[PDB]
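Chemist: The file below is model_7.pdb, PDB, C-alpha atoms (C1' of nucleotides):
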ATOM      1  CA  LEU P 239     -37.755   6.313   0.053  1.00  0.00           C
ATOM      2  CA  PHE P 240     -33.998   6.826  -0.279  1.00  0.00           C
ATOM      3  CA  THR P 241     -33.495   8.705   2.997  1.00  0.00           C
ATOM      4  CA  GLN P 242     -34.962   5.845   5.046  1.00  0.00           C
ATOM      5  CA  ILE P 243     -31.990   3.732   3.927  1.00  0.00           C
ATOM      6  CA  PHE P 244     -29.427   3.578   6.718  1.00  0.00           C
ATOM      7  CA  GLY P 245     -26.313   5.503   5.731  1.00  0.00           C
ATOM      8  CA  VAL P 246     -28.129   7.468   3.000  1.00  0.00           C
ATOM      9  CA  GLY P 247     -28.553  11.194   3.595  1.00  0.00           C
ATOM     10  CA  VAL P 248     -30.120  14.027   1.644  1.00  0.00           C
ATOM     11  CA  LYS P 249     -27.015  14.641  -0.477  1.00  0.00           C
ATOM     12  CA  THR P 250     -26.634  11.001  -1.524  1.00  0.00           C
ATOM     13  CA  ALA P 251     -30.368  10.724  -2.192  1.00  0.00           C
ATOM     14  CA  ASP P 252     -30.279  13.800  -4.434  1.00  0.00           C
ATOM     15  CA  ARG P 253     -27.178  12.508  -6.226  1.00  0.00           C
ATOM     16  CA  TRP P 254     -28.915   9.204  -6.960  1.00  0.00           C
ATOM     17  CA  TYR P 255     -32.085  11.018  -8.038  1.00  0.00           C
ATOM     18  CA  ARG P 256     -30.208  13.153 -10.571  1.00  0.00           C
ATOM     19  CA  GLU P 257     -28.329  10.047 -11.782  1.00  0.00           C
ATOM     20  CA  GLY P 258     -31.520   8.282 -12.911  1.00  0.00           C
ATOM     21  CA  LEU P 259     -31.954   6.010  -9.879  1.00  0.00           C
ATOM     22  CA  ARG P 260     -35.679   5.998  -9.081  1.00  0.00           C
ATOM     23  CA  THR P 261     -36.532   2.640  -7.451  1.00  0.00           C
ATOM     24  CA  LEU P 262     -35.137   0.600  -4.579  1.00  0.00           C
ATOM     25  CA  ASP P 263     -34.437  -2.427  -6.780  1.00  0.00           C
ATOM     26  CA  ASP P 264     -32.310  -0.294  -9.108  1.00  0.00           C
ATOM     27  CA  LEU P 265     -29.958   0.322  -6.179  1.00  0.00           C
ATOM     28  CA  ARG P 266     -29.432  -3.426  -5.747  1.00  0.00           C
ATOM     29  CA  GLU P 267     -28.525  -3.740  -9.441  1.00  0.00           C
ATOM     30  CA  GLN P 268     -25.242  -1.833  -8.874  1.00  0.00           C
ATOM     31  CA  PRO P 269     -23.763  -3.004  -5.527  1.00  0.00           C
ATOM     32  CA  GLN P 270     -20.379  -1.373  -6.184  1.00  0.00           C
ATOM     33  CA  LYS P 271     -21.019   2.322  -5.374  1.00  0.00           C
ATOM     34  CA  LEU P 272     -22.329   1.692  -1.838  1.00  0.00           C
ATOM     35  CA  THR P 273     -20.271   1.860   1.352  1.00  0.00           C
ATOM     36  CA  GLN P 274     -20.682  -0.531   4.287  1.00  0.00           C
ATOM     37  CA  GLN P 275     -23.435   1.582   5.853  1.00  0.00           C
ATOM     38  CA  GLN P 276     -25.495   1.779   2.661  1.00  0.00           C
ATOM     39  CA  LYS P 277     -25.108  -1.933   1.900  1.00  0.00           C
ATOM     40  CA  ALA P 278     -26.101  -2.928   5.435  1.00  0.00           C
ATOM     41  CA  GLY P 279     -29.105  -0.603   5.385  1.00  0.00           C
ATOM     42  CA  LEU P 280     -30.292  -1.793   1.979  1.00  0.00           C
ATOM     43  CA  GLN P 281     -29.935  -5.478   2.866  1.00  0.00           C
ATOM     44  CA  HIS P 282     -31.997  -5.182   6.069  1.00  0.00           C
ATOM     45  CA  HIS P 283     -34.443  -2.631   4.687  1.00  0.00           C
ATOM     46  CA  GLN P 284     -37.705  -4.360   5.618  1.00  0.00           C
ATOM     47  CA  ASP P 285     -36.475  -5.176   9.126  1.00  0.00           C
ATOM     48  CA  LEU P 286     -35.495  -1.559   9.831  1.00  0.00           C
ATOM     49  CA  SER P 287     -38.638  -0.108   8.220  1.00  0.00           C
ATOM     50  CA  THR P 288     -40.900  -1.515  10.956  1.00  0.00           C
ATOM     51  CA  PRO P 289     -41.381   0.749  14.004  1.00  0.00           C
ATOM     52  CA  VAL P 290     -40.149  -0.823  17.235  1.00  0.00           C
ATOM     53  CA  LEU P 291     -42.386  -1.668  20.199  1.00  0.00           C
ATOM     54  CA  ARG P 292     -41.771  -1.436  23.940  1.00  0.00           C
ATOM     55  CA  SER P 293     -41.306  -5.189  24.465  1.00  0.00           C
ATOM     56  CA  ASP P 294     -38.284  -5.165  22.154  1.00  0.00           C
ATOM     57  CA  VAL P 295     -36.957  -2.208  24.143  1.00  0.00           C
ATOM     58  CA  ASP P 296     -37.300  -4.186  27.373  1.00  0.00           C
ATOM     59  CA  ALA P 297     -35.553  -7.236  25.908  1.00  0.00           C
ATOM     60  CA  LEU P 298     -32.689  -5.151  24.518  1.00  0.00           C
ATOM     61  CA  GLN P 299     -32.337  -3.304  27.823  1.00  0.00           C
ATOM     62  CA  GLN P 300     -32.125  -6.596  29.714  1.00  0.00           C
ATOM     63  CA  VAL P 301     -29.509  -7.957  27.300  1.00  0.00           C
ATOM     64  CA  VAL P 302     -27.401  -4.793  27.467  1.00  0.00           C
ATOM     65  CA  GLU P 303     -27.709  -4.653  31.259  1.00  0.00           C
ATOM     66  CA  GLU P 304     -26.446  -8.228  31.514  1.00  0.00           C
ATOM     67  CA  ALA P 305     -23.579  -7.481  29.122  1.00  0.00           C
ATOM     68  CA  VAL P 306     -22.468  -4.344  30.974  1.00  0.00           C
ATOM     69  CA  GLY P 307     -22.824  -6.026  34.363  1.00  0.00           C
ATOM     70  CA  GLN P 308     -20.624  -8.932  33.311  1.00  0.00           C
ATOM     71  CA  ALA P 309     -18.122  -6.604  31.616  1.00  0.00           C
ATOM     72  CA  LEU P 310     -17.698  -4.073  34.448  1.00  0.00           C
ATOM     73  CA  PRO P 311     -19.495  -4.470  37.802  1.00  0.00           C
ATOM     74  CA  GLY P 312     -21.621  -1.574  38.987  1.00  0.00           C
ATOM     75  CA  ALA P 313     -22.322  -0.174  35.518  1.00  0.00           C
ATOM     76  CA  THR P 314     -25.547   1.827  35.210  1.00  0.00           C
ATOM     77  CA  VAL P 315     -27.520   2.089  31.961  1.00  0.00           C
ATOM     78  CA  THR P 316     -30.267   4.650  31.332  1.00  0.00           C
ATOM     79  CA  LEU P 317     -32.779   4.511  28.476  1.00  0.00           C
ATOM     80  CA  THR P 318     -32.834   7.827  26.600  1.00  0.00           C
ATOM     81  CA  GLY P 319     -34.246   9.102  23.326  1.00  0.00           C
ATOM     82  CA  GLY P 320     -37.859   8.999  22.265  1.00  0.00           C
ATOM     83  CA  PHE P 321     -38.686   6.136  24.623  1.00  0.00           C
ATOM     84  CA  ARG P 322     -37.774   8.295  27.632  1.00  0.00           C
ATOM     85  CA  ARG P 323     -40.325  10.922  26.540  1.00  0.00           C
ATOM     86  CA  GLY P 324     -43.230   8.449  26.628  1.00  0.00           C
TER      87      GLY P 324
ATOM     88  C1'  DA B   1      78.711 -22.877 -33.997  1.00  0.00           C
ATOM     89  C1'  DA B   2      73.607 -22.118 -35.164  1.00  0.00           C
ATOM     90  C1'  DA B   3      68.570 -22.917 -34.599  1.00  0.00           C
ATOM     91  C1'  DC B   4      64.701 -24.205 -31.771  1.00  0.00           C
ATOM     92  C1'  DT B   5      62.328 -24.109 -27.408  1.00  0.00           C
ATOM     93  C1'  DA B   6      61.680 -23.407 -22.078  1.00  0.00           C
ATOM     94  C1'  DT B   7      61.395 -19.525 -18.996  1.00  0.00           C
ATOM     95  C1'  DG B   8      60.533 -15.152 -17.619  1.00  0.00           C
ATOM     96  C1'  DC B   9      59.072 -10.006 -17.674  1.00  0.00           C
ATOM     97  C1'  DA B  10      56.305  -5.639 -19.016  1.00  0.00           C
ATOM     98  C1'  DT B  11      51.818  -3.820 -20.577  1.00  0.00           C
ATOM     99  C1'  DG B  12      46.975  -3.249 -22.359  1.00  0.00           C
ATOM    100  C1'  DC B  13      42.191  -5.182 -22.267  1.00  0.00           C
ATOM    101  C1'  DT B  14      38.435  -7.753 -19.910  1.00  0.00           C
ATOM    102  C1'  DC B  15      35.411 -10.632 -16.431  1.00  0.00           C
ATOM    103  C1'  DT B  16      34.460 -10.860 -11.626  1.00  0.00           C
ATOM    104  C1'  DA B  17      33.976  -9.693  -7.193  1.00  0.00           C
ATOM    105  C1'  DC B  18      33.822  -6.515  -3.135  1.00  0.00           C
ATOM    106  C1'  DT B  19      33.326  -1.873  -0.282  1.00  0.00           C
ATOM    107  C1'  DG B  20      31.670   2.712   0.245  1.00  0.00           C
ATOM    108  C1'  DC B  21      29.080   7.251  -1.011  1.00  0.00           C
ATOM    109  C1'  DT B  22      25.104   9.484  -3.175  1.00  0.00           C
ATOM    110  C1'  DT B  23      20.516   9.647  -5.093  1.00  0.00           C
ATOM    111  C1'  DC B  24      15.882   7.770  -6.276  1.00  0.00           C
ATOM    112  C1'  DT B  25      11.789   5.201  -5.101  1.00  0.00           C
ATOM    113  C1'  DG B  26       8.453   2.537  -2.188  1.00  0.00           C
ATOM    114  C1'  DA B  27       6.433   2.772   2.096  1.00  0.00           C
ATOM    115  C1'  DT B  28       4.644   5.289   6.593  1.00  0.00           C
ATOM    116  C1'  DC B  29       2.097   9.246   7.855  1.00  0.00           C
ATOM    117  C1'  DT B  30      -1.271  14.869   8.935  1.00  0.00           C
ATOM    118  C1'  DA B  31      -4.305  18.805   6.627  1.00  0.00           C
ATOM    119  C1'  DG B  32      -8.597  19.913   3.628  1.00  0.00           C
ATOM    120  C1'  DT B  33     -13.292  18.581   1.904  1.00  0.00           C
ATOM    121  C1'  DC B  34     -17.493  15.995   1.594  1.00  0.00           C
ATOM    122  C1'  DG B  35     -20.430  12.945   3.605  1.00  0.00           C
ATOM    123  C1'  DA B  36     -22.773   9.647   7.287  1.00  0.00           C
ATOM    124  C1'  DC B  37     -24.782   9.579  11.915  1.00  0.00           C
ATOM    125  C1'  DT B  38     -26.621  11.241  16.340  1.00  0.00           C
TER     126       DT B  38
END
Show the structure stored in the file as structure tokens.
Modeler:
Amino acid sequence: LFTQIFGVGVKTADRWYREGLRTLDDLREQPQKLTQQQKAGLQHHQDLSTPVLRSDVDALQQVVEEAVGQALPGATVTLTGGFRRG
DNA sequence: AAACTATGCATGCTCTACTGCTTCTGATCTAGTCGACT
């Protein structure tokens, strides 16, 4: 549960576990020991927990292609990662 | 002719300011460690 939080690794998860933090809500009760990454991940937890689909990939690729084309002409963008493996 | 007072000088103590040299402190910066991510 803790590792899925953006900006939370194994070390931080273990540190929280040994400190008595057991539930997600408990993390929100003390919003003073979390960096920007952890706060951003915890706030948009539900949104980031959902696996992404291919339509969202296409929309994001179109948006980024438009942005790079307007920024610098002739830019080429290639989709890598898991989505390139099928 | 004698006493009082105006004038001045010499010196020590004190406030006040100003200039310059030296030292201390606040501010501007690279190495080590842990952690995040990919």
Chemist: Run the PyMOL selection byres ((chain B) within 10 of (chain P)) on the file and write out the hits as number ranges by chain.
Modeler: B: 34-37
Chemist: For stretch 275-281 of chain P, take all atoms listed in the file, fit an axis-aligned box around them, add 6 Å to each of the six sides, then output centre and edge lengths in Å rounded to one decimal, as AutoDock Vina command-line options.
Modeler:
--center_x -26.9 --center_y -1.8 --center_z 3.9 --size_x 18.9 --size_y 19.3 --size_z 16.0
Chemist: So how far away is atom CA of residue P:305 from atom CA of residue P:317, in Å?
Modeler: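 Atom-to-atom, atom CA of residue P:317 and atom CA of residue P:305 are spaced 15.1 Å apart.
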Chemist: Between atom CA of residue P:278 and atom CA of residue P:264, what is the distance in Å, rounded to a tenth?
Modeler: 16.0 Å
Chemist: Which distance in Å separates atom CA of residue P:307 and atom CA of residue P:324, to one decimal?
Modeler: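 Answer for the atom CA of residue P:307 to atom CA of residue P:324 separation: 26.2 Å.
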Chemist: Contacts of residue P:286 at 12 Å or less, counting only C-alpha atoms (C1' of nucleotides), minus same-chain residues fewer than 5 places along, as a PDB file with C-alpha atoms, in the coordinates of the input?
Modeler:
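Below is the file out.pdb, written as the result:
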ATOM      1  CA  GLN P 242     -34.962   5.845   5.046  1.00  0.00           C
ATOM      2  CA  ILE P 243     -31.990   3.732   3.927  1.00  0.00           C
ATOM      3  CA  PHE P 244     -29.427   3.578   6.718  1.00  0.00           C
ATOM      4  CA  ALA P 278     -26.101  -2.928   5.435  1.00  0.00           C
ATOM      5  CA  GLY P 279     -29.105  -0.603   5.385  1.00  0.00           C
ATOM      6  CA  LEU P 280     -30.292  -1.793   1.979  1.00  0.00           C
ATOM      7  CA  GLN P 281     -29.935  -5.478   2.866  1.00  0.00           C
TER       8      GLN P 281
END
Chemist: Between P:265, P:295, P:251, P:301, single out the one closest to residue P:318, counting all atoms listed in the file.
Modeler: P:295
